[PDB]
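Peer 1:
Chains as they are written, first to last, in the authors' numbering: chain M, 734 to 782; chain Z, 250 to 299.
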């Protein structure tokens, strides 16, 4: 769905994926193996980083 | 291309982890060296008949 929105429409602005903690890595890998044309951010890991 | 490369580096670092843990498991502690450079006696028992 997001890939279709990014291809058919010129809008691929910052979207949010709210997920449980356990799948936090899996999602960023889910379209790493799959469509990699997006820039993914992972938010976790102490205040510093 | 960069993200596919990143997945490939994940694969290579996981196989690196696998070989690292294999080496750690196989390293062991079979290095007692209870010989030194001293006078040592050896005894063997065998039955040869050629």
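Backbone N, C-alpha and C fix where the C-beta goes; we use that ideal spot for every residue, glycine too.
So, with DSSP's three-state summary, where would you put residue 264 (chain Z)?
Peer 2: Helix at residue 264 (chain Z).
Peer 1: Can you pull the chain Z neighbours of residue 765 (chain M), defined as C-beta to C-beta under 9 Å?
Peer 2: Neighbours of residue 765 (chain M) on chain Z, chain order: 252, 253, 255, 256 and 259.
Peer 1: Do you know whose CA, among M:762, M:752, M:779 and M:741, lies nearest residue 773 (chain M)'s CA?
Peer 2: Residue 773 (chain M) has its Cα closest to that of M:762, out of M:762, M:752, M:779 and M:741.
Peer 1: Which of the three DSSP states is assigned to residue 297 (chain Z) in this structure?
Peer 2: Correct three-state label for residue 297 (chain Z): coil.
Peer 1: In whole angstroms, what separates the C-alpha of residue 282 (chain Z) from that of residue 267 (chain Z)?
Peer 2: Each residue's alpha carbon lies about 30 Å from the other.
Peer 1: I'd like to know whether the C-beta atoms of residue 748 (chain M) and residue 757 (chain M) end up nearer to each other than 8 Å.
Peer 2: Not closer than 8 Å, so no.
Peer 1: What are the boundary residues of the alpha helix (DSSP H) that residue 736 (chain M) is part of?
Peer 2: Looking at the DSSP string, the run of the alpha helix (DSSP H) that includes residue 736 (chain M) is 735–741.
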